[PDB]
Structure formats: C-alpha cells, structure tokens
Amino acid sequence: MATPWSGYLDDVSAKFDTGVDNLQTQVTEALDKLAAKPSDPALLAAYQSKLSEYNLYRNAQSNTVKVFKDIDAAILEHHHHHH
C-alpha cells in the first residue's frame with residue numbers, strides 16, 4: 001500500500017539525481033584530466049567514454065524501472081505460493 005508517486009515525485013524520481021552523480025563525478029574526473037592536458041587522447045577518450053557511461057547510467061535507469069517489475073513478478077509468484 002502507498003500514496004501516489006505524483007505527490008512525492010521530487011523524492012521518488014529525485015533518487016536518480018544522486019545515482020547519476022556517481023556517473024557525473026566519474027565523467028567530471030575524466031574531465032579533471034581533460035581540464036589538465038585536454039586533447040590528450042588517452043584521457044579525452046576516457047572522458048568521452050564516461051560521457052557515454054553516464055548515458056548508460058541513464059539506460060540502466062530505464063532497466064531498473066522494468067526490474068522493480070520483476071520483484072513484483074516475484075510478488076505475483078508469492079500469491080500463487082499461498083496454495
């Protein structure tokens with residue numbers, strides 16, 4: 001039982017804003033290098049990698065969203081397990 005997510009959105013969705021930041025901190029530290037010796041391709045390509053990994057954090061934040069569904073499918077099996 002819960003209250004509707006639209007009344008609590010800036011806590012429920014806002015969970016993303018600190019998990020994204022574990023990716024952002026990472027891209028920004030690749031950028032801490034790219035601000036140091038910029039187009040050095042060994043660091044700049046790690047930046048441009050992390051820049052994509054952060055969009056993969058975003059992709060994972062469209063998988064988790066469909067995995068809470070899988071816990072709920074385990075809840076679905078728990079209703080059958082009442083037999």
# chains A, B, ... in the order shown; residues from 1 in each chain; ligands from 1
>>> residues_around(residues="residue A:35", least_positions_apart="6", cutoff="12 Å", atoms="only C-alpha atoms", output="compact mmCIF listing (two decimals) with N, CA and C atoms, in the first residue's frame")
# COMPACT_ATOMS: atom_id res chain seq x y z
N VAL A 27 32.60 11.12 -14.91
CA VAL A 27 32.87 11.86 -16.16
C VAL A 27 33.62 13.15 -15.88
N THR A 28 33.27 13.81 -14.78
CA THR A 28 33.90 15.05 -14.35
C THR A 28 35.32 14.82 -13.89
N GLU A 29 35.66 13.64 -13.38
CA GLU A 29 37.03 13.34 -13.04
C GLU A 29 37.84 12.96 -14.29
N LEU A 43 43.40 10.31 -21.96
CA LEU A 43 42.43 10.90 -21.03
C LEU A 43 41.12 11.39 -21.69
N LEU A 44 41.18 12.07 -22.84
CA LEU A 44 39.99 12.59 -23.55
C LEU A 44 39.12 11.43 -24.01
N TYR A 47 37.26 10.29 -20.99
CA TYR A 47 36.19 11.26 -20.82
C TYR A 47 35.02 10.95 -21.70
>>> closest_residue(among="A:7, A:37, A:26, A:67", to="residue A:53", atoms="only C-alpha atoms")
A:26
>>> select_by_dssp(residues="chain A", states="alpha helix (DSSP H)", output="PyMOL selection string")
chain A and resi 9-12+16-34+41-60+68-80
>>> residues_around(residues="stretch 16-18 of chain A", least_positions_apart="5", cutoff="12 Å", atoms="only C-alpha atoms", output="MDAnalysis selection string")
chainID A and resid 9:11 23:25 54 57:62 64:65
>>> write_last_selection(atoms="N, CA, C and O atoms", output="short mmCIF file (atom, residue, chain, number, x, y, z; two decimals), in the first residue's frame")
data_model
loop_
_atom_site.label_atom_id
_atom_site.label_comp_id
_atom_site.auth_asym_id
_atom_site.auth_seq_id
_atom_site.Cartn_x
_atom_site.Cartn_y
_atom_site.Cartn_z
N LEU A 9 7.08 12.97 -6.11
CA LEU A 9 7.92 12.83 -7.30
C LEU A 9 9.36 13.33 -7.07
O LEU A 9 10.31 12.64 -7.40
N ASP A 10 9.51 14.48 -6.43
CA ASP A 10 10.82 15.09 -6.12
C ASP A 10 11.58 14.40 -4.95
O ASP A 10 12.49 14.96 -4.35
N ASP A 11 11.20 13.16 -4.64
CA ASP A 11 11.88 12.22 -3.74
C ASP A 11 12.05 10.85 -4.41
O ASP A 11 13.12 10.24 -4.37
N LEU A 23 27.96 8.68 -11.70
CA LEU A 23 28.42 8.71 -13.07
C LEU A 23 28.99 10.08 -13.47
O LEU A 23 30.08 10.16 -14.01
N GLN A 24 28.31 11.17 -13.10
CA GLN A 24 28.73 12.56 -13.32
C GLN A 24 30.08 12.85 -12.67
O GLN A 24 30.95 13.41 -13.31
N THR A 25 30.28 12.45 -11.41
CA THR A 25 31.54 12.60 -10.68
C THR A 25 32.66 11.91 -11.45
O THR A 25 33.68 12.51 -11.75
N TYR A 54 27.65 7.56 -18.59
CA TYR A 54 26.66 8.35 -17.88
C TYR A 54 25.29 8.25 -18.57
O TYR A 54 24.27 8.09 -17.90
N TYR A 57 24.27 4.87 -17.48
CA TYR A 57 23.63 5.00 -16.17
C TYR A 57 22.14 5.34 -16.41
O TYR A 57 21.25 4.75 -15.81
N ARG A 58 21.88 6.25 -17.36
CA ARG A 58 20.57 6.68 -17.83
C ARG A 58 19.76 5.53 -18.46
O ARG A 58 18.57 5.41 -18.22
N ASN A 59 20.44 4.66 -19.21
CA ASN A 59 19.88 3.46 -19.82
C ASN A 59 19.51 2.40 -18.76
O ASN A 59 18.43 1.82 -18.80
N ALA A 60 20.39 2.21 -17.78
CA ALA A 60 20.17 1.38 -16.60
C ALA A 60 19.00 1.91 -15.76
O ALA A 60 18.17 1.13 -15.32
N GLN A 61 18.85 3.24 -15.67
CA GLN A 61 17.70 3.97 -15.13
C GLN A 61 16.47 3.99 -16.07
O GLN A 61 15.58 4.84 -16.01
N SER A 62 16.42 3.00 -16.95
CA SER A 62 15.30 2.60 -17.79
C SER A 62 15.25 1.06 -17.91
O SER A 62 14.56 0.51 -18.77
N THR A 64 16.18 -0.82 -14.43
CA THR A 64 15.77 -0.87 -13.02
C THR A 64 14.27 -0.67 -12.81
O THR A 64 13.56 -1.44 -12.17
N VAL A 65 13.76 0.31 -13.55
CA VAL A 65 12.38 0.73 -13.76
C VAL A 65 11.45 -0.41 -14.26
O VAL A 65 10.25 -0.40 -14.02
#
